[PDB]
Structure formats: C-alpha cells, structure tokens
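K.L.:
Under PDB author numbering, residues 5 to 77, 87 to 115 are what the first sequence spells out, in order. One structure coming up, written as structure tokens, with questions to follow.
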Amino acid sequence: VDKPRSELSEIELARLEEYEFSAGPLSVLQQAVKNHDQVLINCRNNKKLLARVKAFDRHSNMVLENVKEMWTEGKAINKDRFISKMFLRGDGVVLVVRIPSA
RNA sequence: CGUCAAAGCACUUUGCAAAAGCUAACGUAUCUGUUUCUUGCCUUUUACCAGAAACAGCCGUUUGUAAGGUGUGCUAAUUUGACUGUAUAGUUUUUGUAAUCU
Ligand SMILES: [Mg+2]
C-alpha cells in the first residue's frame, strides 16, 4: 500500500496494521496459524520453545499450545519440559524459526 | 463526550417539616391590626392624624420529604451522583542492554 507515511488517522492506521501482516514479516504468523506449522522461539534468557502458534498480536504477543521448552546449563546438561498452553509476551521474543509440518 | 453506580422518568395534586450564623433581597413586591408612649384636628365615643418601640394577621415565595394523578417505559427512557478519563513497541517510565559468573 502507498501509506507508510506514518502520519495517519485511525481507519488508515488499521489498514496499515492489517497490511503489516498481509505482506510484512509478521505474515509468517498467519500461514503458521493456518498451516499449523511447528515454530521455534528464542527468548531473551536463552530459552528454546517449540509449539503450535494459534494467535499473535502486532507486538508479537503470541498464544502457543503444546509447547516443548528446553534449556541447557556441574556440566552443561540439556533439559526439557512440555507444558500445555502458553501466553508469551512479545517483548521477550528474539527470534522465530519455523519447522514446516510437511 | 466516555466509564461506573442507583433511580423508572417528565409534568402535576395534596399532607407534614423547615427556611439569616459568617450582616443579609425567604418577597429587587408591599397591606392591615393590637398594646404601650409622643403628636394633629378636636364638645364625647367609634372613625381618625403621623412618628417610635414591642408584638401579631393576611396576600405570597423556596427547599426536603411522604402518598397519589396524567403521559409515556420497563422487550428501555430519562434524571441524579461519582470518577486518578483517551491515544502511543521507534531516547523521559508499560512490548526489556539482555543473558553469561560473582
Ligand atoms: Mg355620654
């Protein structure tokens, strides 16, 4: 769209918001939502998260289900913990990498 | 304008209660009477004359409250009150200079 001017009112701001998804990088969230693809999360405390993604916010606030979360740290020993459902604040997201289900 | 709360609401009839507290129009209006004094005209009384003080009456006004009436509603309408009431990932607070060890 020809409105990245960043000086907008509410309706065109919402249009730009939806375009920020429909073609922006956050577009990866939609096809991950609709294709039910595996997505891995890198948190800012060196945490590894992999799970289904169901909904996301523009802030990258994400609701996850069936999360497998692993962390490593004596001698370096990797450990894992599976939790049913997650609400992760997009503040702490560093990286997302998708594992295609197919 | 917004949110929350409780009250049906608008208009109206009647009863009860109150109306200066920090000197100030309950009424931006305005009458009558009684008692006690001082006066005026006076043959005596009422009826009077015009000033004061202390008291009352009448014509009115405002507010609170209680029970009703009319017209509209409760499948919503209006009124009253309270409120620390609004955006915003791009340096001054809320979308992380973090983890790492000590
Ligand atoms: Mg005689």
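Think of the CB as a built atom: it goes at the ideal place given N, C-alpha and C, for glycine as much as any other residue.
Using the Cβ count rule (16 or more neighbours within 10 Å means buried), how would you classify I45?
P.N.:
Here residue 45 refers to the residue found at position 41 of the first sequence. Label assigned to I45: buried.
K.L.:
Out of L101, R48 and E21, which one is the CA nearest neighbour of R56?
P.N.:
What you label residue 56 is simply residue 52 of the first sequence in a count that begins at 1. For the residues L101, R48 and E21, the minimum Cα distance to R56 belongs to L101.
K.L.:
Grab me the residues of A36's own chain with a C-beta within less than 7 Å of its C-beta, minus the 5 sequence neighbours each way, in chain order.
P.N.:
Counting from 1 along the first sequence, the entry for residue 36 is found at position 32. Excluding positions up to five away in sequence, the list reads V43, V57 and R111.
K.L.:
Less than 8 Å between the C-beta atoms of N91 and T76, yes or no?
P.N.:
Position 78 of the first sequence, counting from 1, holds the residue named residue 91. Position 72 of the first sequence, counting from 1, holds the residue named residue 76. Contact: yes.
K.L.:
Which runs of the alpha helix (DSSP H) at least 4 residues long sit entirely within the region 12-40? Give them in chain order.
P.N.:
Within the region 12-40, the complete alpha helix (DSSP H) runs of at least 4 residues are 14-26 and 31-39.
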